[PDB]
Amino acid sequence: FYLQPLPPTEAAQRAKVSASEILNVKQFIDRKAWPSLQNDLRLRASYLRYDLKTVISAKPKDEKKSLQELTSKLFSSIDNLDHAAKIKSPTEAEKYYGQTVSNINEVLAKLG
């Protein structure tokens, strides 16, 4: 993946879109198409990572830390879902997909 950066909340709009596309990998979990789930998750993850850092930098310092922490949890669960796909476990994939959805809602709530 190659990315072309964007400014404050042009990037939050794109982050919200990558976040939604991430919700969409459940179908890959259901068909158990692990490599597809991983490639899609990876791309979305790369966009999301870049745009959240951007949205964070242009955030009043009083709320940078808070978003940064929700952002950090999100990428931990995203990684964990990539790991679950890597080891081909419907169990773990389902668990981390769950945690990922909850972490996305948290970041979305702080967005908009």
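Just count from 1 along the sequence shown to find any residue number.
Chemist: Please compare 92-100 with 6-14 and name the stretch with the higher mean C-alpha B-factor in the deposited structure.
Modeler: Comparing 92-100 with 6-14, the higher average CA B-factor belongs to 6-14.
Chemist: Please work out which of 27-35 and 55-63 has the higher mean CA B-factor as recorded in the PDB entry.
Modeler: The entry gives the higher C-alpha B-factor average to 55-63.
Chemist: Taking only the Cα B-factors deposited for this chain, tell me whether residue 86 sits in the lowest, middle or highest third.
Modeler: Its C-alpha B-factor, which the entry lists for residue 86, ranks in the middle third among residues of this chain.
Chemist: Which third, lowest, middle or highest, does the CA B-factor of residue 50 fall in along this chain?
Modeler: According to the entry, residue 50 has a C-alpha B-factor in the chain's highest third.
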